[PDB]
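Before any questions on binding or motion, here is one chain by itself as structure tokens, the form deposited in one PDB entry.
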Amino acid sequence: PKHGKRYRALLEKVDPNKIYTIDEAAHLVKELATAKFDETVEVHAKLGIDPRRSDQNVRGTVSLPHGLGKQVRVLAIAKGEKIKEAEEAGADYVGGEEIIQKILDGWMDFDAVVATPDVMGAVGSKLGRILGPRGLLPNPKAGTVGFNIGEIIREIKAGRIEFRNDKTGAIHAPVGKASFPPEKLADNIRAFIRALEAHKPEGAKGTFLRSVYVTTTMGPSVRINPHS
């Protein structure tokens, strides 16, 4: 694909035949994140599973040791004293079904959204099609839906991430910012990798982490050894 000079340059910096260590990679990050903003670091792993087999779906969440160095605007749809509990946990905008029409008018000033199970009827059906493209819709297996809404909200704002393999058997997640210190990123990179392994399916066949990579928003990639 037609690349820019900025990127053609980044290519000369990494060796595609070399399997870098989690730490070597963590040091390249700075030298690759040359876009005109604080690029995000990410890890991509091709998983030894059968995406078609519902029970071999790698899906979960995990807390990162050094956050995502990113501010997360969480919205909280709720019912009862739960509202008070959400406001307490630290959500940016708390509310009830009313939020539903507010969003149907064009309000998308949030990054995340959580909700108590008892509002999901209205939230599910109504906000379903408008929130669906951005992957904003609250879900139980996503960790976005729970009565312990303050704990869920507390967690997100602390740099907790989600991860679900895609239909091709690959899984991806952000693990920090290019501004992070080399080793902080590394702690974060091992964290996510360990999260994946603790979610290896029972009937999963063969080598689980077939490959694992490190990259930034606009830079190239470097294959790493998951156990470094």
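Take the two forms, find the largest set of C-alpha atoms that superpose within 1.5 Å, and that set is the rigid core. Shifts are known only where both forms have a C-alpha. Note that residue numbering follows the sequence shown and begins at 1.
- In this entry, 79-87 shows the higher mean Cα temperature factor of the pair 79-87 and 123-131.
- Comparing 23-31 with 171-179, the higher mean C-alpha B-factor in the PDB entry belongs to 23-31.
- Per the PDB record, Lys70 has a higher Cα B-factor than any other of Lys184, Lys70, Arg190, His44.
- Residue-level temperature factors show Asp50 in the middle third of its chain, judged at the C-alpha atom.
- Annotation for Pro201: CA B-factor lies in the middle third of the chain's modelled residues.
- Placement of the Cα temperature factor of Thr207 within the chain: middle third of the modelled residues, per the deposited record.
- In the deposited entry, the Cα temperature factor of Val14 sits in the top third of values across the chain's modelled residues.
As for the form deposited in another entry, it is not shown, yet the points below apply to it.
- Core-superposed comparison between the shown form and the other one: the Cα of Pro51 travels less than 2 Å.
- After superposing the rigid core, the Cα of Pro201 is displaced by less than 2 Å between the shown form and the other one.
- After superposition on the rigid core, displacement of the C-alpha of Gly69 between the shown form and the other one amounts to 2 Å or more.
- One change in the other entry concerns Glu151 and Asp187, whose Cα atoms lie at least 3 Å closer than in this form.
- Figure legend: C-alpha atoms of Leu137 and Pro174, shown here, are separated by at least 3 angstroms more in the other entry.
- Relative to the superposed core, just one shifted segment between the shown form and the other one, defined as three or more consecutive residues with every Cα moved by 2 Å or more, spans 69-155.
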